[PDB]
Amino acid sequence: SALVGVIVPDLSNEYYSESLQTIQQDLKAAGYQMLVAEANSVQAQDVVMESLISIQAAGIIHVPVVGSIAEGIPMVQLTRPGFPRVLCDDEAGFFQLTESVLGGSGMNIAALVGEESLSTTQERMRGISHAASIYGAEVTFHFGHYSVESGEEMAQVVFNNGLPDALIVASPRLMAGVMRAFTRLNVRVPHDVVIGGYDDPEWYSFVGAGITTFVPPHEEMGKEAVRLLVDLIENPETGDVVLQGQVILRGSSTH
């Protein structure tokens, strides 16, 4: 087959769709056609995997789910030993992001993050905690899902308990929820709270004086995932590549 399957947790999520365009272009140039599947659970991923094995696909680029084991098929893991991975430096990125919202000591930060057990969450937490420690700030982590509903819920909790000086939000979907709740509660950004976010959907540029954000290198990650998979197909038997994103400074993080 000149066929490569790409498995993502969620097609509607803007985070995963950004890389797909650059993945497809680079797969086409290599002589491969891209088919995308969506799998958020073990059974869904198991069914997708055996579908791609039955087609006899040339390779698989995927975002793995906990509890799943894939065999005899070149495979590159995205975002998170037997297979090469392409990762983002989330620790360093959330370190810098947290530093950008902090100006002084004796300050409070609330960090809205995902499921605690994910290695990605652990990396982000380590960055946030380190920046908060060195600046003499204290962080409270709230664990949710990457969804607008979770975002709205956690932002309402944060408001009711007395707003912190700073908010770190580890997802654009959580960020949309935060902004929905803050508009409803007349919370002014950056007047009442400074905010740091993740990724860069277009709307970041035109709310909260511009959302200061850590942006992972989506295009580079896709190129590198294709580059590594093509190398795995041609040269049968390599490790992880960790790429640096950038913090874009805007109005939300300062007074």
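Just count from 1 along the sequence shown to find any residue number.
Missing deposited residues between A70 and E71: 1 to 3, all without coordinates in the entry. The entry models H145 and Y146 with no unmodelled deposited residue separating them. Looking at mean Cα B-factors across 119 to 127 and 104 to 112, the upper value is held by 104 to 112.
Comparing 23 to 31 with 207 to 215, the stretch with the higher mean C-alpha B-factor in the PDB entry is 23 to 31. Within the group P172, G93, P81, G151, the record's highest C-alpha temperature factor is found at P81. When the C-alpha B-factors of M221, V63, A57, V194 are ranked from the entry, the top spot goes to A57.
In the deposited entry, the Cα temperature factor of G177 places it in the lowest third of its chain's modelled residues. When the modelled residues of the chain are ordered by C-alpha B-factor, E50 sits in the highest third. Ranked by C-alpha B-factor against the other modelled residues of its chain, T140 falls in the lowest third. Ranked by Cα temperature factor within the chain, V42 sits in the highest third according to the deposited record. In the PDB entry, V36 places in the lowest third of its chain by CA B-factor.
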